[PDB]
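**Q** One structure follows; several queries about it will come next.
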Amino acid sequence: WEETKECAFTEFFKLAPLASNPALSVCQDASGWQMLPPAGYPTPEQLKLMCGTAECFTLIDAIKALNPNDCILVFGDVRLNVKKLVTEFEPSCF
Ligand SMILES: [Cl-]
Ligand code: NI
């Protein structure tokens with residue numbers, strides 16, 4: 001995955017549909033992991049919770065549908081590759 005090349009700020013705007021998707025709130029509240037604003041990659045504790053929450057799978061699929069780029073999204077000190085996150089999520093659960 002891309003670990004150096006940074007996303008243009010416009011990449012953030014791709015995430016807009018998530019705010020009107022109920023799965024976002026359910027997943028974030030259940031796990032303590034935040035996508036908006038982005039906290040980064042889920043911690044193992046957060047991932048455990050996400051992997052047992054149907055809505056987190058729904059959320060991850062909804063992010064995939066936005067076609068996130070393979071680049072580092074920079075939000076203050078938070079740095080993550082959203083495409084990496086969503087592609088690796090399902091296998092990370094087991
Ligand atoms: Cl900094
Ligand atoms: Ni890589």
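Labels used: A, B, ... for chains in the order of the structure tokens, numbers from 1 for residues in each chain, and numbers from 1 for ligands as shown.
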Which neighbours of range 24-27 of chain A fall inside 10 Å, counting only C-alpha atoms, when residues of the same chain fewer than 4 positions from it are skipped, and could you give them as a PyMOL selection string?
**A** chain A and resi 17-20+31-36+49-60+62-63
**Q** Only C-alpha atoms, please: the residues just picked out, written as a compact mmCIF listing (two decimals), in the first residue's frame.
**A**
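The result, written out as selection-v5.txt:
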# COMPACT_ATOMS: atom_id res chain seq x y z
CA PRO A 17 -22.00 10.15 2.02
CA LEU A 18 -20.90 8.46 5.26
CA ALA A 19 -22.44 11.23 7.40
CA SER A 20 -25.93 10.28 6.21
CA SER A 31 -16.23 0.27 18.84
CA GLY A 32 -14.90 3.66 19.96
CA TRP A 33 -13.08 3.91 16.60
CA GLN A 34 -13.78 7.10 14.66
CA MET A 35 -13.85 7.53 10.88
CA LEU A 36 -15.29 11.08 10.96
CA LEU A 49 -15.43 -4.64 18.77
CA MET A 50 -15.78 -3.73 15.07
CA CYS A 51 -15.42 -7.37 14.00
CA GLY A 52 -18.44 -8.29 16.14
CA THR A 53 -20.62 -5.42 14.87
CA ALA A 54 -22.57 -6.05 11.65
CA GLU A 55 -22.80 -2.30 11.02
CA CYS A 56 -19.00 -2.00 10.91
CA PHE A 57 -18.98 -4.40 7.95
CA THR A 58 -21.75 -2.30 6.38
CA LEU A 59 -19.72 0.84 7.01
CA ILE A 60 -16.55 -0.65 5.53
CA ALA A 62 -19.93 1.80 2.16
CA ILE A 63 -16.39 3.26 2.25
**Q** List as an MDAnalysis selection string the protein and nucleic acid residues near residue 80 in chain A, meaning an atom at most 6 Å away when only C-alpha atoms are counted, but skip any in the same chain fewer than 6 places from it.
**A** chainID A and resid 40 72:73
**Q** Show me which residues line ligand 2, defined as having an atom within 6 Å of a ligand atom where only C-alpha atoms and all ligand atoms count, and present them as a list in words.
**A**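 I would give the residues around ligand 2 as residues 1, 2 and 3 of chain A.
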**Q** Using only C-alpha atoms and all ligand atoms, what are the residues with an atom within 10 Å of ligand 1, set out as a VMD selection string?
**A** chain A and resid 74 to 78
**Q** Please dump the current selection as a tab-separated table (two decimals), in the first residue's frame; keep C-alpha atoms.
**A**
chain	number	residue	atom	x	y	z
A	74	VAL	CA	-3.41	13.52	6.55
A	75	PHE	CA	-5.69	14.93	9.26
A	76	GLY	CA	-3.48	16.84	11.70
A	77	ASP	CA	-1.14	14.22	13.17
A	78	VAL	CA	-3.47	11.44	12.02
**Q** Taking the backbone alone, and naming residues the way the document does, which bits of chain A are strand (DSSP E or B) by DSSP, as a PyMOL selection string?
**A** chain A and resi 6+72-75+78-80
**Q** So that I can check the surroundings of residue 67 in chain A, please list as number ranges by chain every protein, DNA and RNA residue that reaches within 10 Å of it, counting only C-alpha atoms and ignoring chain neighbours fewer than 4 positions away.
**A** A: 11, 14-15, 62-63, 82-83
**Q** Determine, counting only C-alpha atoms, which protein, DNA and RNA residues have an atom within 12 Å of an atom of residue 92 in chain A; residues of the same chain fewer than 3 positions away are not included. Present the result as a list in words.
**A**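 In the requested format, the answer is residues 41, 42, 43, 44, 46, 47, 48, 50, 51, 57, 84, 85, 86, 87, 88 and 89 of chain A.
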**Q** Write the selection just made, keeping N, CA and C atoms, as a compact mmCIF listing (two decimals), in the first residue's frame?
**A**
# COMPACT_ATOMS: atom_id res chain seq x y z
N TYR A 41 -6.05 4.16 12.21
CA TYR A 41 -6.38 2.74 12.15
C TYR A 41 -6.94 2.30 13.49
N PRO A 42 -7.93 1.38 13.46
CA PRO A 42 -8.47 0.86 14.72
C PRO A 42 -7.37 0.20 15.53
N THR A 43 -7.39 0.41 16.85
CA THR A 43 -6.54 -0.34 17.77
C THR A 43 -7.05 -1.78 17.81
N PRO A 44 -6.23 -2.73 18.32
CA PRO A 44 -6.72 -4.11 18.43
C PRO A 44 -8.02 -4.23 19.24
N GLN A 46 -10.37 -1.89 19.56
CA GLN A 46 -11.43 -1.35 18.71
C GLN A 46 -11.79 -2.31 17.60
N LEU A 47 -10.77 -2.91 16.99
CA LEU A 47 -10.99 -3.88 15.92
C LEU A 47 -11.83 -5.07 16.38
N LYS A 48 -11.50 -5.59 17.57
CA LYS A 48 -12.27 -6.66 18.21
C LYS A 48 -13.75 -6.33 18.23
N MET A 50 -15.30 -3.91 16.45
CA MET A 50 -15.78 -3.73 15.07
C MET A 50 -16.12 -5.06 14.42
N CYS A 51 -15.25 -6.05 14.62
CA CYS A 51 -15.42 -7.37 14.00
C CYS A 51 -16.66 -8.12 14.48
N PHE A 57 -19.14 -3.80 9.28
CA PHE A 57 -18.98 -4.40 7.95
C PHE A 57 -19.75 -3.59 6.90
N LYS A 84 -6.28 1.00 2.17
CA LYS A 84 -5.67 -0.07 2.96
C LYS A 84 -6.62 -0.51 4.07
N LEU A 85 -7.12 0.46 4.83
CA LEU A 85 -8.01 0.19 5.95
C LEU A 85 -9.17 -0.69 5.52
N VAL A 86 -9.86 -0.28 4.46
CA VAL A 86 -11.11 -0.96 4.11
C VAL A 86 -10.87 -2.29 3.41
N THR A 87 -9.75 -2.41 2.69
CA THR A 87 -9.44 -3.63 1.97
C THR A 87 -9.00 -4.72 2.94
N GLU A 88 -8.22 -4.32 3.95
CA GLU A 88 -7.69 -5.28 4.92
C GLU A 88 -8.63 -5.60 6.07
N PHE A 89 -9.72 -4.84 6.20
CA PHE A 89 -10.61 -4.99 7.36
C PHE A 89 -11.16 -6.41 7.54
**Q** DSSP on the backbone, alpha helix (DSSP H) only: what residues of chain A does that give? Format it as a PyMOL selection string.
**A** chain A and resi 10-13+22-31+44-51+54-64+82-92
**Q** Store the residues of this selection in a file with N, CA and C atoms, as a compact mmCIF listing (two decimals), in the first residue's frame.
**A**
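See again_35.txt below for the written result:
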# COMPACT_ATOMS: atom_id res chain seq x y z
N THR A 10 -9.06 17.00 -1.46
CA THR A 10 -10.33 16.63 -2.09
C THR A 10 -10.75 15.19 -1.77
N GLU A 11 -9.79 14.35 -1.40
CA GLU A 11 -10.09 12.99 -0.98
C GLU A 11 -11.05 12.99 0.21
N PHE A 12 -10.92 13.96 1.12
CA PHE A 12 -11.84 14.06 2.26
C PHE A 12 -13.28 14.17 1.78
N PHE A 13 -13.49 14.93 0.72
CA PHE A 13 -14.86 15.19 0.25
C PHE A 13 -15.56 13.93 -0.22
N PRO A 22 -26.46 5.54 8.47
CA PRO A 22 -26.61 5.18 9.89
C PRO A 22 -25.53 4.23 10.41
N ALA A 23 -24.92 3.44 9.52
CA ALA A 23 -23.90 2.47 9.93
C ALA A 23 -22.68 3.16 10.52
N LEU A 24 -22.42 4.40 10.10
CA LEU A 24 -21.28 5.16 10.62
C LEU A 24 -21.39 5.33 12.14
N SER A 25 -22.51 5.91 12.58
CA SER A 25 -22.74 6.16 14.00
C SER A 25 -22.75 4.87 14.82
N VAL A 26 -23.42 3.84 14.32
CA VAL A 26 -23.51 2.57 15.05
C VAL A 26 -22.14 1.94 15.24
N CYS A 27 -21.34 1.92 14.17
CA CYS A 27 -20.01 1.33 14.23
C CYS A 27 -19.08 2.11 15.16
N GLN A 28 -19.09 3.44 15.05
CA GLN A 28 -18.25 4.30 15.87
C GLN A 28 -18.62 4.19 17.35
N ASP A 29 -19.91 4.24 17.64
CA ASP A 29 -20.38 4.13 19.03
C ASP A 29 -20.09 2.77 19.64
N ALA A 30 -20.22 1.71 18.85
CA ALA A 30 -19.99 0.35 19.33
C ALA A 30 -18.52 0.08 19.62
N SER A 31 -17.64 0.63 18.79
CA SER A 31 -16.23 0.27 18.84
C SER A 31 -15.32 1.31 19.50
N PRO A 44 -6.23 -2.73 18.32
CA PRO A 44 -6.72 -4.11 18.43
C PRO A 44 -8.02 -4.23 19.24
N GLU A 45 -8.15 -3.44 20.31
CA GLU A 45 -9.36 -3.43 21.14
C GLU A 45 -10.56 -2.96 20.33
N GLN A 46 -10.37 -1.89 19.56
CA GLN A 46 -11.43 -1.35 18.71
C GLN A 46 -11.79 -2.31 17.60
N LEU A 47 -10.77 -2.91 16.99
CA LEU A 47 -10.99 -3.88 15.92
C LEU A 47 -11.83 -5.07 16.38
N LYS A 48 -11.50 -5.59 17.57
CA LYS A 48 -12.27 -6.66 18.21
C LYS A 48 -13.75 -6.33 18.23
N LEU A 49 -14.06 -5.12 18.70
CA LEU A 49 -15.43 -4.64 18.77
C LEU A 49 -16.05 -4.49 17.38
N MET A 50 -15.30 -3.91 16.45
CA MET A 50 -15.78 -3.73 15.07
C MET A 50 -16.12 -5.06 14.42
N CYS A 51 -15.25 -6.05 14.62
CA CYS A 51 -15.42 -7.37 14.00
C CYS A 51 -16.66 -8.12 14.48
N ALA A 54 -22.15 -5.95 13.05
CA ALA A 54 -22.57 -6.05 11.65
C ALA A 54 -22.44 -4.72 10.92
N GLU A 55 -22.80 -3.64 11.62
CA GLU A 55 -22.80 -2.30 11.02
C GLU A 55 -21.41 -1.81 10.63
N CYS A 56 -20.38 -2.32 11.31
CA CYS A 56 -19.00 -2.00 10.91
C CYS A 56 -18.66 -2.59 9.55
N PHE A 57 -19.14 -3.80 9.28
CA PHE A 57 -18.98 -4.40 7.95
C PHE A 57 -19.75 -3.59 6.90
N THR A 58 -20.96 -3.17 7.25
CA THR A 58 -21.75 -2.30 6.38
C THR A 58 -21.02 -1.00 6.10
N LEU A 59 -20.47 -0.40 7.15
CA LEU A 59 -19.72 0.84 7.01
C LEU A 59 -18.52 0.66 6.09
N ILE A 60 -17.73 -0.39 6.34
CA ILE A 60 -16.55 -0.65 5.53
C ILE A 60 -16.89 -0.84 4.05
N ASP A 61 -17.98 -1.56 3.78
CA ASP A 61 -18.44 -1.72 2.40
C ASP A 61 -18.88 -0.39 1.80
N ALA A 62 -19.51 0.46 2.61
CA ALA A 62 -19.93 1.80 2.16
C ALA A 62 -18.72 2.69 1.82
N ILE A 63 -17.63 2.53 2.57
CA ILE A 63 -16.39 3.26 2.25
C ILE A 63 -15.77 2.72 0.96
N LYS A 64 -15.76 1.40 0.80
CA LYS A 64 -15.26 0.81 -0.44
C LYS A 64 -15.96 1.40 -1.65
N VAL A 82 -6.87 5.06 3.64
CA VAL A 82 -8.25 4.59 3.75
C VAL A 82 -8.51 3.34 2.90
N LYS A 83 -7.89 3.26 1.73
CA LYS A 83 -8.05 2.08 0.88
C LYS A 83 -7.45 0.84 1.56
N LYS A 84 -6.28 1.00 2.17
CA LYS A 84 -5.67 -0.07 2.96
C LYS A 84 -6.62 -0.51 4.07
N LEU A 85 -7.12 0.46 4.83
CA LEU A 85 -8.01 0.19 5.95
C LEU A 85 -9.17 -0.69 5.52
N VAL A 86 -9.86 -0.28 4.46
CA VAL A 86 -11.11 -0.96 4.11
C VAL A 86 -10.87 -2.29 3.41
N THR A 87 -9.75 -2.41 2.69
CA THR A 87 -9.44 -3.63 1.97
C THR A 87 -9.00 -4.72 2.94
N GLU A 88 -8.22 -4.32 3.95
CA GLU A 88 -7.69 -5.28 4.92
C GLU A 88 -8.63 -5.60 6.07
N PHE A 89 -9.72 -4.84 6.20
CA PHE A 89 -10.61 -4.99 7.36
C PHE A 89 -11.16 -6.41 7.54
N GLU A 90 -11.85 -6.94 6.53
CA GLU A 90 -12.50 -8.24 6.70
C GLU A 90 -11.52 -9.36 7.10
N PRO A 91 -10.41 -9.54 6.33
CA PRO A 91 -9.44 -10.55 6.76
C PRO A 91 -8.81 -10.30 8.13
N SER A 92 -8.78 -9.05 8.59
CA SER A 92 -8.17 -8.72 9.88
C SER A 92 -9.01 -9.25 11.04
